[PDB]
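Structural features, examined
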Amino acid sequence: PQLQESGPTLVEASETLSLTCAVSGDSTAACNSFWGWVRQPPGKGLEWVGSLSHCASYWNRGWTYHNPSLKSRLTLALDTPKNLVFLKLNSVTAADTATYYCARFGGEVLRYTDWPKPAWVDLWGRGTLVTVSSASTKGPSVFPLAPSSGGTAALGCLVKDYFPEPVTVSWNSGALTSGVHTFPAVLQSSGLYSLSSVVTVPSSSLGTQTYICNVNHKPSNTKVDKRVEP
Amino acid sequence: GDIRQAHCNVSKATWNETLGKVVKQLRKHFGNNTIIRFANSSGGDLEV
Amino acid sequence: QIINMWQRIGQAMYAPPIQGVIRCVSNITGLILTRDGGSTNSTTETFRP
Amino acid sequence: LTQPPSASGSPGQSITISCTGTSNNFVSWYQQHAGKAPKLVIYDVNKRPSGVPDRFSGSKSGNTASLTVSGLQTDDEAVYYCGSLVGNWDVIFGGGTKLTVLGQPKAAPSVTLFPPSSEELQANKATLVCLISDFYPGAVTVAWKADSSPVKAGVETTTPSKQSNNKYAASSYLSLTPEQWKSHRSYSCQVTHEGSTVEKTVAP
Ligand SMILES: *[C@@H]1O[C@H](CO)[C@@H](O[C@@H]2O[C@H](CO)[C@@H](O[C@@H]3O[C@H](CO[C@H]4O[C@H](CO[C@H]5O[C@H](CO)[C@@H](O)[C@H](O)[C@@H]5O[C@H]5O[C@H](CO)[C@@H](O)[C@H](O)[C@@H]5O)[C@@H](O)[C@H](O[C@H]5O[C@H](CO)[C@@H](O)[C@H](O)[C@@H]5O)[C@@H]4O)[C@@H](O)[C@H](O[C@H]4O[C@H](CO)[C@@H](O)[C@H](O)[C@@H]4O[C@H]4O[C@H](CO)[C@@H](O)[C@H](O)[C@@H]4O[C@H]4O[C@H](CO)[C@@H](O)[C@H](O)[C@@H]4O)[C@@H]3O)[C@H](O)[C@H]2NC(C)=O)[C@H](O)[C@H]1NC(C)=O
Ligand SMILES: *[C@@H]1O[C@H](CO)[C@@H](O[C@@H]2O[C@H](CO)[C@@H](O[C@@H]3O[C@H](CO[C@H]4O[C@H](CO[C@H]5O[C@H](CO)[C@@H](O)[C@H](O)[C@@H]5O)[C@@H](O)[C@H](O[C@H]5O[C@H](CO)[C@@H](O)[C@H](O)[C@@H]5O)[C@@H]4O)[C@@H](O)[C@H](O[C@H]4O[C@H](CO)[C@@H](O)[C@H](O)[C@@H]4O[C@H]4O[C@H](CO)[C@@H](O)[C@H](O)[C@@H]4O[C@H]4O[C@H](CO)[C@@H](O)[C@H](O)[C@@H]4O)[C@@H]3O)[C@H](O)[C@H]2NC(C)=O)[C@H](O)[C@H]1NC(C)=O
Ligand SMILES: *[C@@H]1O[C@H](CO)[C@@H](O[C@@H]2O[C@H](CO)[C@@H](O[C@@H]3O[C@H](CO[C@H]4O[C@H](CO)[C@@H](O)[C@H](O)[C@@H]4O)[C@@H](O)[C@H](O[C@H]4O[C@H](CO)[C@@H](O)[C@H](O)[C@@H]4O[C@H]4O[C@H](CO)[C@@H](O)[C@H](O)[C@@H]4O[C@H]4O[C@H](CO)[C@@H](O)[C@H](O)[C@@H]4O)[C@@H]3O)[C@H](O)[C@H]2NC(C)=O)[C@H](O)[C@H]1NC(C)=O
Ligand SMILES: *[C@@H]1O[C@H](CO)[C@@H](O[C@@H]2O[C@H](CO)[C@@H](O[C@@H]3O[C@H](CO)[C@@H](O)[C@H](O[C@H]4O[C@H](CO)[C@@H](O)[C@H](O)[C@@H]4O[C@H]4O[C@H](CO)[C@@H](O)[C@H](O)[C@@H]4O)[C@@H]3O)[C@H](O)[C@H]2NC(C)=O)[C@H](O)[C@H]1NC(C)=O
Ligand SMILES: *[C@@H]1O[C@H](CO)[C@@H](O[C@@H]2O[C@H](CO)[C@@H](O[C@@H]3O[C@H](CO)[C@@H](O)[C@H](O)[C@@H]3O)[C@H](O)[C@H]2NC(C)=O)[C@H](O)[C@H]1NC(C)=O
Ligand SMILES: *[C@@H]1O[C@H](CO)[C@@H](O[C@@H]2O[C@H](CO)[C@@H](O[C@@H]3O[C@H](CO)[C@@H](O)[C@H](O)[C@@H]3O)[C@H](O)[C@H]2NC(C)=O)[C@H](O)[C@H]1NC(C)=O
Ligand SMILES: *[C@@H]1O[C@H](CO)[C@@H](O[C@@H]2O[C@H](CO)[C@@H](O)[C@H](O)[C@H]2NC(C)=O)[C@H](O)[C@H]1NC(C)=O
Ligand SMILES: *[C@@H]1O[C@H](CO)[C@@H](O)[C@H](O)[C@H]1NC(C)=O
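Residues numbered from 1 in each chain as written, not as in the entry; some residues may be left out. Chains lettered and ligands numbered in written order. Part of a larger assembly, values for the part shown. Heavy atoms only, no water.

The deposited coordinates derive from X-ray crystallography, with the record listing a resolution of 4.6019 Å.

In structure tokens, the structure reads:
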């Protein structure tokens, strides 16, 4: 049993996000489990999206469950012959940016009382990352970070809004190795990316000897070096 | 599906109205005024 | 599923299973009723299916 | 559902992580390795699935549900989420508990706070960055304050990542307007690690 997610990894804001899961080794017709999605925003917890099933009762043609908040903007769909799962999100914002997983829901699905009760996802997919942005490829804004402890202080270079990854920041073009550090990127509410760096140097070195970081960005064609002074 | 026993539905308003019209017809024989009580099957085969 | 109606002996019919949920709507057009023998005829009367 | 932010243990020891808010028995726990997809390690409370070691056991007492991992090992280092059915058909997930089976030794975090720059203020933007590093376990919550009262707006915190020295590190980004930056003198950044907190403050 394998779940393969497919669709656009990059969508613009306010548009319609569509994703499709392709199941292999199992039938969507099977009444043993529900089929839906679970999205996990970057560096955040798991949020339930929704699931449905055509296996109905006497008063309905099926069952469809939506997450109360996402209800208005989403539509869930199952293709039984083609064995495919669908997800459509209307009016999407950068807040909806997440790694979307194709989820198979287990529970009291094959033998329920009243309505069916799905409670846990037994089978997951590999998942894909969909990033929602209202802008295009952008170059990073570079500002220096002026330090002031413990005989040796720390200074760094600030990397502001940019897209897409990656960015490589070296101190004096790889002159210093020991005592050099770089932090990972961060996704902004505006759909962009941001990160920074830090290096520890003696106070005695402060003077005519200054520190310059070398910023390099391939997509936006940006190589910018900036000197740091307190 | 539903874990349930088979069930039969009858609307309370519709069954009552008929009963009220029917119970009056029995009094064209059993007399103007008398008490008519209804009850389920006495006993026997399942078909009965 | 296994029934003998009309008090038939020697032949029992097995009703085959049906795929899916069965739903049906019919008209109730009449009843089969019996009157009790206990009397107290001049007091009250009870009717049963 | 409320899941404890962090949890730590040495190899061979037994860890018990809790969850609350579960009134039903539909409780289930998940294991997600960083940079991978979540995998279900337990369902229907105590019951185990296929290819899952006996050492994982579910338990629920009252409104509190609990997972227990005995005989810790390298492959157990991940984020653990709990989830359960609620109401009619809705299902929710906890914040998840990050359990780390990292090599020794435990250590207090380290905070370095950088105020906005002069060139940054020229763009009519103000951003303060808290740099937290060299801590165990790899799960830390970060808080912001202005003078006294806390700051609930403009907070961006990301999941920590392991370094070359095996110590975890994370960075929180606070973006605000220059008007509120010059008005309020000092800006405090509180970093809570295993109950104990580490604080830093900056003023222009
Ligand atoms: C013989 O006679 C018998 C009668 O004596 C007869 O029994 C009756 O059968 C019929 C059908 O045959 C029954 O009618 C159905 O009932 C279903 C269940 O209804 C119950 O639940 C709903 C939902 O309640 C939750 O949600 C609301 C809104 O959020 C809340 O207000 C509730 O508090 C509750 O919230 C909890 O759960 C949420 C979700 O988990 C949580 O988020 C939340 O935090 C809470 O935990 C109630 O609204 C119902 O209340 C009504 O009835 C009571 C009765 O006392 C009244 O007092 C009350 O005022 C209300 O009137 C009830 O409690 C219905 O779901 C079902 O309707 C669905 O199907 C029709 C099909 O056409 C759709 O048109 C309709 O829109 C509904 O679709 C939704 O739900 C289905 C699943 O049911 C989904 O597949 C569908 O996609 C859609 O889901 C969407 O909306 C959901 C919210 O509804 C949402 O959660 C999803 O995520 C999604 O977005 C239908 O009406 C009837 O109840 C029986 N009555 C009795 C007494 O048994 C029997 O059939 C007869 N026999 C024969 C042979 O005929
Ligand atoms: C009770 O429980 C049972 C289960 O025990 C439930 O039964 C299930 O019910 C669902 C819902 O109907 C069914 O899904 C439908 O599938 C059909 C196709 O079915 C055929 O193919 C299935 C898949 O076969 C593949 O997989 C299997 C397994 O891996 C594999 O072995 C096989 O080789 C193949 O590879 C078969 O499973 C299926 O077999 C079933 O039927 C047999 C008899 O035919 C029977 O012998 C079997 O035992 C088995 O029961 C069969 O061979 C889809 O076509 C259908 O999609 C239409 O219908 C649903 C509603 O039913 C609707 O929501 C859809 O939107 C869609 O309707 C559109 O398309 C129609 C044409 O395709 C068209 O006619 C419609 O008007 C409509 O078109 C309009 O709308 C669309 C947008 O919606 C628009 O684009 C159009 O332009 C147009 O405007 C269903 O998805 C299950 O198959 C069925 N069985 C099982 C085992 O799950 C049952 O629901 C429960 N409840 C009740 C009350 O009974
Ligand atoms: C007293 O009189 C009343 C009224 O006269 C009687 O009530 C009658 O009851 C009949 C059933 O016994 C019923 O016959 C049904 O007709 C329905 C309508 O047919 C018309 O519409 C269809 C399109 O839908 C046209 O194609 C067709 O040509 C007609 O014009 C049918 O829909 C019924 O079929 C379903 O019900 C019977 C049981 O009632 C099942 O055996 C049958 O298989 C069908 O059930 C499947 O389909 C429904 C959805 O339609 C699903 O919900 C269900 O789960 C089943 O789905 C599974 O099973 C099938 C295979 O069975 C499979 O293919 C599928 O994939 C799923 O696996 C039925 O044909 C009369 O219409 C009805 N009278 C009236 C006026 O409506 C009453 O019985 C009388 N009393 C007594 C004691 O006899
Ligand atoms: C045995 O079963 C039969 C069949 O199920 C039962 O007979 C049915 O009984 C139901 C209810 O008693 C009845 O349903 C209504 O029919 C109306 C037409 O006659 C419909 O207009 C009405 O639909 C509205 O209500 C629904 C539920 O509230 C909504 O889902 C639906 O969308 C409708 O709402 C609309 O209309 C309003 C204005 O009125 C509007 O504001 C809305 O925007 C929307 O447009 C009901 O569905 C069936 O008609 C009956 N069927 C038959 C053949 O008679 C019988 O009662 C059962 N017996 C027992 C004992 O259980
Ligand atoms: C059993 O049968 C009786 C009739 O013998 C049913 O009584 C009915 O009750 C409803 C109220 O539930 C009456 O409707 C009322 O109408 C008046 C006049 O328009 C109005 O003022 C009220 O506000 C209400 O709407 C109805 O008239 C009445 N039937 C008769 C013939 O008067 C009773 O409903 C049946 N059993 C059940 C299940 O209720
Ligand atoms: C028609 O309705 C009557 C009334 O409910 C049903 O009679 C009930 O029959 C059951 C037996 O199946 C009785 O249970 C008995 O209870 C007594 C007292 O506790 C006990 O001594 C027996 O051992 C047995 O448990 C039940 O009491 C009785 N109802 C009443 C009110 O006495 C009858 O079954 C119905 N007919 C059909 C065909 O359903
Ligand atoms: C149960 O009774 C109803 C009403 O008498 C029947 O429905 C009628 O069918 C005739 C057929 O010619 C129509 O002319 C009537 O208009 C229908 N009634 C209504 C109110 O529209 C129904 O057919 C009966 N049940 C069965 C199984 O036949
Ligand atoms: C029954 O009622 C009729 C009128 O409805 C009346 O003439 C007759 O006397 C009554 N019989 C009695 C009360 O025995």
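We describe a pair of aromatic rings using the distance from one ring centre to the other and the angle between the two ring planes. Residues and elements named next belong to chain D. What the rule picks out here adds up to 14 aromatic pairs over all chains. A centroid spacing of 5.9 Å and a plane angle of 50 degrees characterise the contact between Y30 and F93, whose relative ring orientation is tilted. Separated by 63 residues along the polypeptide, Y30 in strand β3 (residues 28-32) and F93 in strand β8 (residues 90-93) bring together distant segments of the chain. Among the residues examined, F93 registers a relative accessible area of 12% and is labelled buried. (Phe/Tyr/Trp six-rings, centres within 6.5 Å; stacked < 30°, edge-to-face > 60°. Helix = DSSP H or I, 4+ residues; strand = E, 2+ residues; numbered from the N terminus. Buried < 20%, exposed > 50% of the residue type's maximum accessible area, 1.4 Å probe, protein only.)

Residues and elements named next belong to chain B. Near ligand 4 the following residues occur: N9, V10 and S11. Here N9 contributes a side-chain N or O atom positioned 3.3 Å from an oxygen atom of ligand 4. In isolation ligand 4 has 1,100 Å² of accessible area, and contact with the protein removes 12% of it. (Near = heavy atom within 4 Å. Polar contact = N/O pair within 3.5 Å; in protein donor to acceptor, adjacent residues only side chain to side chain. Areas by Shrake-Rupley, 256 points an atom, 1.4 Å probe, with all protein chains shown as cover.)

Residue and element names in this part refer to chain A. Residues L17, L19, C21 and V23 line the buried face of strand β3 (residues 17-24), whereas the alternating positions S18, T20, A22 and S24 sit on a face that is not buried. Inspection of the sheet shows strand β1 (residues 2-6) paired to β3 by five bridges, in the antiparallel sense. Each bridged residue has a counterpart across the sheet, and for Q2 the counterpart in β3 is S24. (Pairing = 2+ DSSP bridges.)

Contact with chain B, which involves twelve residues of that partner, is made by nine residues of chain C. When chain B packs against chain C, the two sides together hide about 980 Å² of surface, and 57% of this comes from carbon and sulfur. The largest share of the area that chain B buries against chain C comes from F30, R37 and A39 of chain B, three residues that together contribute 39% of it. For the pair chain B and chain C, the number of links is zero salt bridges. Linking chain B to chain C there are six residue pairs in polar contact. When grouped by side-chain class, the residues that make up the side of chain B that touches chain C number six nonpolar, four polar and two charged. As judged from the four bridges shared by strand β1 (residues 35-38) of chain B and strand β4 (residues 44-48) of chain C, these two strands associate in the parallel manner. The partner of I35 of chain B across the bridge, within β4 of chain C, is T44 of chain C. (Contact = heavy atoms within 4.5 Å. Buried area = accessible area lost by both parts, 1.4 Å probe. Salt bridge = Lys/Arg side-chain N within 4 Å of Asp/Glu carboxyl O. Nonpolar A, V, L, I, M, F, W, Y, C, P; charged D, E, K, R; others polar.)

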